[PDB]
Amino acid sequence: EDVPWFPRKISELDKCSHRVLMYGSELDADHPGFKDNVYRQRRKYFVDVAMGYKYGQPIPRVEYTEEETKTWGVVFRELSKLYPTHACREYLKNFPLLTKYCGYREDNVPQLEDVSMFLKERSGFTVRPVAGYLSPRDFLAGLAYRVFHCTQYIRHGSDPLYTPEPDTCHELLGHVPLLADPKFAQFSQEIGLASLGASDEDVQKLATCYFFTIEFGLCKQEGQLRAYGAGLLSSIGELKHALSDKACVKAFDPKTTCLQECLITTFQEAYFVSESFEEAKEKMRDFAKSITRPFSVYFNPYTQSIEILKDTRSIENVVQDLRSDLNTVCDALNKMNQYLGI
């Protein structure tokens, strides 16, 4: 009972979403908009929209300004020039889909509500507007429910190519195309599940893993290095450098990787590569065993809650469930022999 609290059902996740340690309206001293009073009005308007968000209510639509829509446009064209050659297969497949259904156009900033309904249909993810920085415990808790917290504001127009903080541009062009991949979604959820009720030290390690994978991971496809890290896909300078010849690149291993330090400003010392998200997801699930907690967690996608496996009765039902599902596999194999003679 000395285990740190975690949300046990989807509606409880609101406590995590609203425990904002640092609000978006709080610009850092070296922020390009630190003395822009027009920009703080927008920043505090977005914080208000996010703070008002509650479970069971559609994600508010926001009317973006012209200098926010071009700043988006600027980031949109420069990165599109490097996606065919720098992005993973999963990105390049889902990105045209976003143009068709989520309004990914240079002249249009996508709405989170659109993106949420799109992700739910493709991989079961849904986005939440967040009013600022969360504890890594609270942020990762969202992942356990396949909920990604998104900033809804646009970076400053002074320098649209580089931002030290997350902005909607980063969320939409960096994270969302990959969250649309079912295999990637499972991988993200595994990190979340692992954090639930974990120690602060373990949460930080998971947060580190999140950083070097979700934000800055590379992946090897057909003998080539492509970026899937969202931070890479939203920073052209880093994106080009990551796949550059003079870069230190190491294989992704949860136990090794998690001990390294994360650099907010300078380019990272090393970038980690995963063969596949299924491959990375299983390395997370074996890392999750080493994490200290009195129980295991099962996620119930039907009730959108967390099952605690602390006895044989709940473990058996899970196993019984797996037995039924294996029966369906047999049915499928039967039908296939039945219809194709194989």
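From 1 onward, residues are counted along the sequence shown.
- Checked against the record, the higher mean CA B factor of 313 to 321 and 276 to 284 lies with 276 to 284.
- Between 38 to 46 and 62 to 70, it is 62 to 70 that carries the larger average Cα temperature factor according to the deposited entry.
- Of the residues listed, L112, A180, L233, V109, the entry assigns the biggest Cα temperature factor to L233.
- For the set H149, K250, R122, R137, the PDB entry assigns the largest Cα B-factor to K250.
- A29: CA B factor lies in the highest third for its chain, per the PDB record.
- When all modelled residues of the chain are sorted by CA temperature factor, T213 is found within the middle third.
- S290 sits in the highest third of its chain by CA B factor, as recorded in the PDB entry.
- Per the deposited record, the Cα B-factor of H156 falls in the middle third when ranked against the other modelled residues of its chain.
- Among the modelled residues of its chain, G52 has a C-alpha B-factor that falls in the middle third, as given in the PDB entry.
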